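Printed here is protein-v3.cif (mmCIF, C-alpha atoms and all ligand atoms):
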```
data_data
#
loop_
_atom_site.label_atom_id
_atom_site.label_comp_id
_atom_site.auth_asym_id
_atom_site.auth_seq_id
_atom_site.Cartn_x
_atom_site.Cartn_y
_atom_site.Cartn_z
CA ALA A 1 97.10 96.11 111.59
CA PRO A 2 93.22 96.11 111.25
CA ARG A 3 91.63 94.51 108.22
CA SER A 4 90.66 97.82 106.92
CA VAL A 5 91.39 101.47 107.56
CA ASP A 6 89.97 104.70 106.03
CA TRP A 7 91.41 107.91 107.42
CA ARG A 8 88.81 109.95 105.57
CA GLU A 9 86.23 108.78 108.08
CA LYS A 10 88.40 110.09 111.02
CA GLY A 11 88.70 113.60 109.50
CA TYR A 12 92.38 113.38 108.31
CA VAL A 13 91.83 114.10 104.59
CA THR A 14 90.90 117.30 102.72
CA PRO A 15 88.77 117.27 99.59
CA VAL A 16 90.30 116.16 96.30
CA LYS A 17 92.40 118.79 94.53
CA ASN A 18 93.40 119.24 90.88
CA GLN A 19 97.08 119.81 89.91
CA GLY A 20 96.09 120.89 86.37
CA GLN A 21 98.73 120.96 83.63
CA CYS A 22 101.70 121.12 85.95
CA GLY A 23 104.06 118.31 87.08
CA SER A 24 103.28 119.06 90.75
CA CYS A 25 101.69 115.76 91.92
CA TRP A 26 104.56 115.49 94.43
CA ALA A 27 103.39 118.72 96.07
CA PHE A 28 99.82 117.39 96.42
CA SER A 29 101.04 114.07 97.78
CA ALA A 30 103.21 115.91 100.31
CA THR A 31 100.50 118.34 101.40
CA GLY A 32 98.07 115.44 101.82
CA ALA A 33 100.50 113.59 104.09
CA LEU A 34 101.28 116.74 106.13
CA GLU A 35 97.54 117.62 106.36
CA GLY A 36 97.04 114.22 107.96
CA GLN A 37 99.97 114.54 110.39
CA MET A 38 98.96 118.10 111.43
CA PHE A 39 95.43 116.86 112.00
CA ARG A 40 96.65 114.10 114.28
CA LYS A 41 98.89 116.65 116.12
CA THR A 42 96.42 119.50 116.53
CA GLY A 43 92.94 118.16 115.71
CA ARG A 44 92.58 120.88 113.02
CA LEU A 45 92.31 119.89 109.32
CA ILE A 46 93.73 122.81 107.30
CA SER A 47 94.33 122.60 103.51
CA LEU A 48 97.98 123.35 102.80
CA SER A 49 99.56 125.31 99.88
CA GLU A 50 100.98 123.25 97.07
CA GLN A 51 101.84 126.56 95.39
CA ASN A 52 104.18 127.35 98.27
CA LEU A 53 105.96 124.10 97.61
CA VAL A 54 106.03 124.52 93.82
CA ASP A 55 107.46 128.09 94.12
CA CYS A 56 109.84 127.72 97.05
CA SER A 57 111.34 124.24 97.32
CA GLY A 58 113.99 124.49 94.60
CA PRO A 59 116.90 124.43 97.10
CA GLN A 60 115.73 121.01 98.34
CA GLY A 61 115.72 119.64 94.73
CA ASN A 62 112.18 120.25 93.49
CA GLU A 63 111.56 121.60 90.00
CA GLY A 64 108.13 123.18 90.19
CA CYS A 65 105.94 121.97 87.29
CA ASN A 66 108.97 119.97 85.99
CA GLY A 67 108.65 117.37 88.85
CA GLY A 68 109.86 116.94 92.40
CA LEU A 69 109.67 114.48 95.29
CA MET A 70 107.61 114.35 98.43
CA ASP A 71 110.68 113.88 100.66
CA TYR A 72 112.21 117.07 99.16
CA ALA A 73 108.95 118.87 100.04
CA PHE A 74 109.12 117.57 103.63
CA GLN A 75 112.71 118.74 103.85
CA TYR A 76 111.72 122.21 102.60
CA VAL A 77 109.07 122.56 105.28
CA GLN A 78 111.69 121.64 107.93
CA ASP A 79 114.32 123.98 106.51
CA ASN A 80 111.76 126.78 106.07
CA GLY A 81 110.18 126.43 109.51
CA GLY A 82 106.69 126.39 108.09
CA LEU A 83 104.23 126.05 105.19
CA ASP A 84 101.41 128.37 104.31
CA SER A 85 97.70 127.48 104.15
CA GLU A 86 96.12 126.96 100.76
CA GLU A 87 93.79 129.86 101.55
CA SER A 88 96.71 132.27 102.04
CA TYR A 89 98.70 130.99 99.10
CA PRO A 90 96.30 129.58 96.48
CA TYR A 91 97.19 127.24 93.68
CA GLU A 92 98.09 128.71 90.31
CA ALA A 93 99.40 125.60 88.36
CA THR A 94 102.48 127.37 87.14
CA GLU A 95 105.80 127.92 88.95
CA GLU A 96 106.17 131.47 90.16
CA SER A 97 108.41 133.46 92.49
CA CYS A 98 108.42 132.30 96.14
CA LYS A 99 105.83 134.23 98.16
CA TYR A 100 106.05 132.30 101.52
CA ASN A 101 104.94 134.47 104.44
CA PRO A 102 105.50 132.98 107.98
CA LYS A 103 102.48 134.94 109.31
CA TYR A 104 100.28 132.43 107.37
CA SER A 105 102.22 129.29 108.26
CA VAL A 106 99.91 126.60 109.59
CA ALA A 107 102.15 123.52 109.42
CA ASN A 108 105.66 122.41 110.19
CA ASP A 109 107.65 119.24 110.15
CA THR A 110 110.85 117.84 111.56
CA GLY A 111 111.91 115.53 108.75
CA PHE A 112 110.37 112.43 107.28
CA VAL A 113 110.28 108.64 107.51
CA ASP A 114 110.97 106.43 104.45
CA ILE A 115 108.95 103.21 104.85
CA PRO A 116 110.61 99.86 104.14
CA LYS A 117 109.91 98.78 100.57
CA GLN A 118 107.29 96.12 101.42
CA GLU A 119 103.53 96.21 101.35
CA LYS A 120 103.35 94.75 104.88
CA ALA A 121 105.43 97.66 106.14
CA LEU A 122 103.23 100.06 104.22
CA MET A 123 100.13 98.55 105.82
CA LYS A 124 101.63 98.92 109.32
CA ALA A 125 102.48 102.56 108.53
CA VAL A 126 99.04 103.37 107.20
CA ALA A 127 97.39 101.78 110.26
CA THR A 128 99.65 103.50 112.82
CA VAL A 129 100.44 106.90 111.25
CA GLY A 130 97.73 108.18 108.94
CA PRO A 131 97.80 108.95 105.20
CA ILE A 132 101.04 108.08 103.55
CA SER A 133 102.76 109.63 100.42
CA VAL A 134 103.54 107.01 97.78
CA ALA A 135 104.87 106.84 94.22
CA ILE A 136 103.20 104.57 91.65
CA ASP A 137 103.61 103.55 88.03
CA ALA A 138 100.67 105.47 86.59
CA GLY A 139 102.00 105.40 83.02
CA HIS A 140 99.27 103.25 81.39
CA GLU A 141 96.15 104.53 79.73
CA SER A 142 94.22 102.00 81.94
CA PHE A 143 95.16 104.43 84.83
CA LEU A 144 94.42 107.63 82.93
CA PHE A 145 90.89 106.35 82.10
CA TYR A 146 90.29 104.44 85.36
CA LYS A 147 86.67 104.72 86.52
CA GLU A 148 85.95 102.35 89.33
CA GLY A 149 86.79 98.99 90.95
CA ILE A 150 90.22 97.58 91.96
CA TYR A 151 92.88 98.77 89.54
CA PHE A 152 95.09 95.96 88.34
CA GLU A 153 97.42 96.47 85.41
CA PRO A 154 99.47 93.47 84.40
CA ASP A 155 102.03 95.67 82.73
CA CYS A 156 102.64 97.76 85.89
CA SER A 157 106.19 98.09 87.14
CA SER A 158 107.17 97.76 90.86
CA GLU A 159 110.38 99.80 90.22
CA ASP A 160 109.38 102.42 87.53
CA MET A 161 107.15 104.92 89.34
CA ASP A 162 106.18 108.24 87.66
CA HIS A 163 103.38 109.73 89.80
CA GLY A 164 102.96 110.70 93.47
CA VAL A 165 99.71 110.12 95.28
CA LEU A 166 98.43 109.55 98.85
CA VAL A 167 97.33 106.29 100.51
CA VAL A 168 94.47 107.14 102.83
CA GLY A 169 93.49 103.56 103.84
CA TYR A 170 93.13 99.98 102.69
CA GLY A 171 90.45 97.36 102.69
CA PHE A 172 88.94 94.45 100.83
CA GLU A 173 85.91 93.80 98.83
CA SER A 174 83.73 90.90 98.37
CA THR A 175 82.70 90.42 94.69
CA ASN A 179 89.00 88.78 99.64
CA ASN A 180 90.30 91.14 96.83
CA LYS A 181 92.36 93.72 98.76
CA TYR A 182 93.14 97.31 97.77
CA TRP A 183 94.85 100.50 98.84
CA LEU A 184 92.54 103.48 98.96
CA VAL A 185 94.42 106.20 97.01
CA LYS A 186 93.71 109.91 96.75
CA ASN A 187 94.85 111.36 93.38
CA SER A 188 95.22 115.06 92.44
CA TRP A 189 93.30 114.97 89.12
CA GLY A 190 90.09 116.47 90.41
CA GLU A 191 86.85 114.83 91.64
CA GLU A 192 85.77 113.73 88.12
CA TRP A 193 88.63 111.25 87.72
CA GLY A 194 88.13 107.76 89.15
CA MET A 195 85.88 107.27 92.09
CA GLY A 196 85.35 110.84 93.27
CA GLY A 197 89.08 111.42 92.65
CA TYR A 198 90.18 108.21 94.31
CA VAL A 199 91.43 104.87 93.01
CA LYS A 200 91.47 101.41 94.66
CA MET A 201 94.82 100.12 93.85
CA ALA A 202 95.45 96.30 94.07
CA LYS A 203 97.01 95.43 97.46
CA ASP A 204 99.24 92.46 98.33
CA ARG A 205 99.62 91.68 94.61
CA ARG A 206 103.42 91.66 94.44
CA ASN A 207 103.82 95.43 95.16
CA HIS A 208 101.62 96.35 92.29
CA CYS A 209 102.63 99.50 90.45
CA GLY A 210 105.41 100.02 93.04
CA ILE A 211 103.11 101.49 95.66
CA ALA A 212 105.44 100.35 98.47
CA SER A 213 108.66 101.24 96.72
CA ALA A 214 108.94 104.97 97.65
CA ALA A 215 106.47 105.54 100.52
CA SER A 216 107.09 108.17 103.21
CA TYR A 217 105.47 110.65 105.54
CA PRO A 218 106.58 113.75 107.48
CA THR A 219 107.33 113.79 111.19
CA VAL A 220 105.77 116.56 113.27
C1 LIG B 1 103.52 114.35 89.15
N1 LIG B 1 102.73 115.21 88.55
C2 LIG B 1 104.78 113.98 88.60
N2 LIG B 1 105.24 114.57 87.48
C3 LIG B 1 106.42 114.19 87.00
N3 LIG B 1 106.82 114.70 85.78
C4 LIG B 1 108.03 114.21 85.06
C5 LIG B 1 108.86 115.48 85.03
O1 LIG B 1 108.11 116.37 84.20
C6 LIG B 1 106.90 116.82 84.86
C7 LIG B 1 105.95 115.61 85.02
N4 LIG B 1 107.21 113.38 87.68
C8 LIG B 1 106.75 112.82 88.84
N5 LIG B 1 107.53 112.01 89.65
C9 LIG B 1 109.04 112.10 89.77
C10 LIG B 1 109.56 111.18 88.80
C11 LIG B 1 108.98 110.70 87.60
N6 LIG B 1 109.56 109.74 86.78
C12 LIG B 1 110.85 109.38 87.03
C13 LIG B 1 111.48 109.84 88.21
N7 LIG B 1 110.83 110.71 89.10
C14 LIG B 1 106.88 111.24 90.73
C15 LIG B 1 106.94 112.03 92.14
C16 LIG B 1 107.06 110.89 93.21
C17 LIG B 1 107.97 109.84 92.53
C18 LIG B 1 107.61 109.95 91.06
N8 LIG B 1 105.53 113.12 89.31
#
```

Please express the file's structure as structure tokens.
Amino acid sequence: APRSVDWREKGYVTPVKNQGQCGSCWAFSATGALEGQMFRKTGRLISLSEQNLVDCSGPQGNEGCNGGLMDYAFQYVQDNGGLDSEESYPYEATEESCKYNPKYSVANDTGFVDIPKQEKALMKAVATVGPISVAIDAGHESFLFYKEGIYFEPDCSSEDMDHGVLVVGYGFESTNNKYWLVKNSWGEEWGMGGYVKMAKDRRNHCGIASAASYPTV
């Protein structure tokens, strides 16, 4: 694994999105991972529809704005045989009837990989695959009102995750304090342009390696 990685610079990552007042972070984490994998497959970066996932992936166990999981989203795309573009199926921030139309499918997957629950394994995955879906303990106001710098919350749990986000890289700063570069779905005004630097190799801080996965294509 290289000492740092940033898949934004290689064209794998769409702009930061905003889930609004809906428990759909899992859909944004899953679309971000599949956007990366489709880009590596095809060389085309196409924003994918979280609304398609929120409306349609109930059979796989998702609950719309009442939560869900990225692996359930990857399973839906496999079962469905496709996923629409964000342009064809824009985000509404409420669960509505399923409107998937295969004519506008721009992505597919063949299942998913669950990464071993270790930050070394996560680093190898990020370096060899692309952006990776992860779950973190985001349930402290220090995270809600994060602005900049390496996020380190002594009270964070490595087992009690409550938010899904996307690891787009890792690196270190000199101020060797290491971090994961994490894309959130709270809009560009949160954090650093919508990103957070999460402490890396600090005893699986906030559980970032505990439920990491990505779709196969
Ligand atoms: C992301 N917006 C989000 N939202 C929720 N909820 C809780 C259910 O009501 C809606 C808001 N949950 C999650 N979860 C799933 C979760 C949360 N806490 C306990 C167990 N699962 C995250 C999705 C990836 C793993 C955690 N996210």

Proximity of chain A to ligand LIG 1 (chain B): per-residue shortest pair, 6 Å limit, only C-alpha atoms and all ligand atoms, as a Markdown table:
```
| residue | atom | partner | partner_atom | distance |
| --- | --- | --- | --- | --- |
| A:23 | CA | B:LIG1 | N1 | 3.7 |
| A:24 | CA | B:LIG1 | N1 | 4.5 |
| A:25 | CA | B:LIG1 | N1 | 3.6 |
| A:26 | CA | B:LIG1 | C15 | 4.8 |
| A:65 | CA | B:LIG1 | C6 | 5.8 |
| A:66 | CA | B:LIG1 | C6 | 3.9 |
| A:67 | CA | B:LIG1 | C5 | 4.3 |
| A:68 | CA | B:LIG1 | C9 | 5.6 |
| A:69 | CA | B:LIG1 | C15 | 4.8 |
| A:135 | CA | B:LIG1 | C17 | 4.6 |
| A:161 | CA | B:LIG1 | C18 | 5.3 |
| A:162 | CA | B:LIG1 | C11 | 3.7 |
| A:163 | CA | B:LIG1 | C14 | 3.9 |
| A:164 | CA | B:LIG1 | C16 | 4.1 |
```

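Restricting the calculation to only C-alpha atoms, the smallest distance between residue 73 in chain A and any of A:106, A:93, A:123, A:34 is found for A:34.
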
- Residue list as a PyMOL selection string for point (85.0, 109.3, 89.6), cut-off 12 Å, all atoms listed in the file: chain A and resi 16+144-149+186-187+189-200

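Atom to atom, CA of residue 156 in chain A and CA of residue 35 in chain A stand 29.0 Å apart.
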
- Could you check which of A:33, A:168, A:220, A:13 is closest to residue 110 in chain A, using all atoms listed in the file? A:220

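Reported to one decimal place, the separation of CA of residue 173 in chain A from CA of residue 31 in chain A is 28.7 Å.
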
- Item | Interatomic distance, CA of residue 74 in chain A to CA of residue 217 in chain A (Å, one decimal) | 8.1 Å

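Closest approach to residue 118 in chain A among A:22, A:169, A:52, A:158: A:158, based on all atoms listed in the file.
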
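Within the 8 Å cut-off around range 201-207 of chain A, using only C-alpha atoms and omitting residues fewer than 5 positions from it on the same chain, the listed residues are residues 118, 119, 150, 151, 152, 158, 170, 180, 181, 182, 183, 184, 185, 212 and 213 of chain A.
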
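If all atoms listed in the file are the atoms counted, then among A:127, A:48, A:165, A:138 the closest residue to residue 107 in chain A is A:48.
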
- Query: What lies within 7 Å of residue 115 in chain A using all atoms listed in the file, ignoring chain neighbours under 6 positions off, as a ChimeraX atom specification?
  - Reply: /A:121-122,215-216

- Pick from A:37, A:179, A:60, A:51, whichever lies nearest to residue 92 in chain A using all atoms listed in the file: A:51

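Nearest residue to residue 43 in chain A among A:101, A:10, A:86, A:59 is A:10, counting only C-alpha atoms.
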
Please provide the set of residues having any atom within 12 Å of residue 218 in chain A, restricted to only C-alpha atoms, with same-chain residues fewer than 5 positions apart removed, written as a tab-separated table (two decimals) with C-alpha atoms, keeping the file's coordinate frame.
```tsv
chain	number	residue	atom	x	y	z
A	29	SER	CA	101.04	114.07	97.78
A	30	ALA	CA	103.21	115.91	100.31
A	31	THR	CA	100.50	118.34	101.40
A	32	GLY	CA	98.07	115.44	101.82
A	33	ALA	CA	100.50	113.59	104.09
A	34	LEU	CA	101.28	116.74	106.13
A	35	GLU	CA	97.54	117.62	106.36
A	36	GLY	CA	97.04	114.22	107.96
A	37	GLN	CA	99.97	114.54	110.39
A	38	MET	CA	98.96	118.10	111.43
A	41	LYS	CA	98.89	116.65	116.12
A	70	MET	CA	107.61	114.35	98.43
A	71	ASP	CA	110.68	113.88	100.66
A	72	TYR	CA	112.21	117.07	99.16
A	73	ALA	CA	108.95	118.87	100.04
A	74	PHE	CA	109.12	117.57	103.63
A	75	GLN	CA	112.71	118.74	103.85
A	76	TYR	CA	111.72	122.21	102.60
A	77	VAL	CA	109.07	122.56	105.28
A	78	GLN	CA	111.69	121.64	107.93
A	107	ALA	CA	102.15	123.52	109.42
A	108	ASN	CA	105.66	122.41	110.19
A	109	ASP	CA	107.65	119.24	110.15
A	110	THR	CA	110.85	117.84	111.56
A	111	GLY	CA	111.91	115.53	108.75
A	112	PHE	CA	110.37	112.43	107.28
A	113	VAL	CA	110.28	108.64	107.51
A	114	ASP	CA	110.97	106.43	104.45
A	115	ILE	CA	108.95	103.21	104.85
A	125	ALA	CA	102.48	102.56	108.53
A	129	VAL	CA	100.44	106.90	111.25
A	130	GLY	CA	97.73	108.18	108.94
A	131	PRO	CA	97.80	108.95	105.20
A	132	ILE	CA	101.04	108.08	103.55
A	133	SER	CA	102.76	109.63	100.42
```
